[PDB]
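Only one chain is included here, represented as structure tokens and corresponding to the form deposited in one PDB entry.
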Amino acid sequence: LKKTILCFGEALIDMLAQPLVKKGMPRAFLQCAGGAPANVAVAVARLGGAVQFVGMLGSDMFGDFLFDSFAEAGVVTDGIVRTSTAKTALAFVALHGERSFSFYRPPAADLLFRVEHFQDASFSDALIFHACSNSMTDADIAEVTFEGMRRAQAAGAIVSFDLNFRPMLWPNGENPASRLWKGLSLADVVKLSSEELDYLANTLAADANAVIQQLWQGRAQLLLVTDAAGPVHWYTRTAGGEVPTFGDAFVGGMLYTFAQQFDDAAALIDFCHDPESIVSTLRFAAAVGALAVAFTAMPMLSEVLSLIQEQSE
């Protein structure tokens, strides 16, 4: 319960296949820092927010790369633990028509983070605890995530859950629904894509409304549903609407702004009862989010400034 954003989960290497300079030459793969909560933590640090990444990294070359990446971005690293038991996970993405994937996970270093690896100081100082479903791919890591979410709540931190459901990372022939819903019931703020909304609806053999109502049965106070290129839809236990604008980028902007606006977890409640604030804050989160990506700040800079001017006038 303070001002720090605690991002928990997996950090891994994205290996991007490069187009063949073709013939005789071995094809190349480019190394890039990846992991859902991992990139959000980096985005927040870049925006200037106070953030810590909590998770396990392998003691290998890649683990070192990820650790350094966090340090350079300004992400606090003392919550990070290491292991030689498993290698840092790898996410290979290549191209006959589109994207092809190959994940070296499980096993993986990030899957081995255990409850004893959490430090009480991280929770006491966290204003927000953020997680994704990738740290729920096996029974052990899932429970670890759930306990982290409960500890966060108990400590007075706002619990944020960005589903980021990636089926390919889940065990063959198993149903993720159960863990996804448990995770959803422990979050104060939930972020979903329109596709995940329909997926959840199906798991219920009902509609989007049934999902939203199910959500309100747990801890959830705010639901954000992003789209293809459409507006962001927000929902609370008392209302709903859409955010006019001019995925992950958004999440970073959102956590950064929430940390800047809320003094505590109670502030979220007042926020949810104020559609005007909701709209203004999310529109801003979306805008400032682009900055986590010399450069042009236009037309956004002018758009944001003119709005504030009109509102003050």
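Sequential numbering from 1, following the sequence displayed. We call the rigid core whatever largest set of C-alpha positions still superposes within 1.5 Å between the two forms.
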_Checking chain continuity here. Are there deposited residues lacking coordinates between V293 and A294, and if so is it 1 to 3, 4 to 9, or 10 or more (or none)?_
4 to 9
*Selected stretch [higher average CA B-factor]: 294 to 302 or 8 to 16*: 294 to 302
*Comparing 41 to 49 with 255 to 263, which has the greater mean CA B-factor as deposited?*
255 to 263
*Could you check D110, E116, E143, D198 and tell me which one carries the biggest Cα B-factor in the deposited entry?*
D198
*If you compare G156, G79, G74, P231, which has the highest Cα B-factor in the entry?*
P231
_Third of the chain's Cα B-factor distribution that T281 belongs to, per the entry_ = lowest
*Relative to the other modelled residues of the same chain, rank the CA B-factor of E242 and answer lowest, middle or highest third.*
highest
*Of the three thirds of its chain by CA temperature factor, lowest, middle or highest, which one includes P26?*
highest
_Lowest, middle or highest third - CA B-factor, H96_ = highest
*Going by the recorded CA B-factors, say which third of the chain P106 sits in, lowest, middle or highest.*
middle
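Another form, the form deposited in another entry, is not on view; read the next lines as being about it.
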*Pick from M56, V42, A36, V288: whose Cα moves by 2 Å or more between this form and the one not shown, rigid core superposed?*
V288
_With both forms fitted on the core, check whether the Cα of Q18 differs by 2 Å or more between this form and the one not shown._
no
_Just to spell it out: taking the C-alpha atom of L301 and the C-alpha atom of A73, is that distance smaller or larger in the other entry than in the structure shown here, given it changes by 3 Å or more?_
closer
